[PDB]
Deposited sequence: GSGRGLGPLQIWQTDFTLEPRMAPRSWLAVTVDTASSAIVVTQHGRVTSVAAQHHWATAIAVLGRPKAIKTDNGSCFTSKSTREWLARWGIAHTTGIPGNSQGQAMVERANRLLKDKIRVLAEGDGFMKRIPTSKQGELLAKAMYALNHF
């Protein structure tokens, strides 16, 4: 009787994480858990790479909600979701996630003395720490 297995996914631009400043963000509407990956471009393949990670983390969802951006509605992405057996529909929860994540990234970056872009070699750990801070005790 628990919540349905439905995600919302979006991309959000975060220059503190450049050059891979396109953050793909999934929120599990059941648990509120967030998965975020970084990408150098917003493409169908980026979305697919991100969901492959999100499935590794969260399991296989029944459905994913996105907007009607071309990277979500392309033949390529429609086929990839069909290959996984995931229903796709074309979002307040992921909008809130985007804000919580960008705020957390800024606080953690500034805490480490990075007032502008985060040095490339430090980004992966700082993004993972933001994800940890949003999801876990």
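In sequence order, the gaps in C-alpha coverage of the deposited chain fall at 1-5, 96-103.
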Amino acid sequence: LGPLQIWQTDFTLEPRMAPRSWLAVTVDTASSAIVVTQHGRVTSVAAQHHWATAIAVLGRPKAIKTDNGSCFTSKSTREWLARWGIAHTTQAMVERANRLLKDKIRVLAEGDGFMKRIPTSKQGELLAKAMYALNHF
From here on, numbers count along this sequence of modelled residues.
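28-36 and 106-114 differ in mean CA B-factor, and the higher of the two is recorded for 28-36.
The entry assigns its greatest Cα B factor, within the set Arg83, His88, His49, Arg60, to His88. Compared with the other modelled residues of the chain, the Cα B-factor recorded for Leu1 ranks in the highest third. Among the modelled residues of its chain, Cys71 has a C-alpha B-factor that falls in the highest third according to the deposited record. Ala56: CA B factor in the lowest third of modelled residues in this chain (values from the PDB entry).
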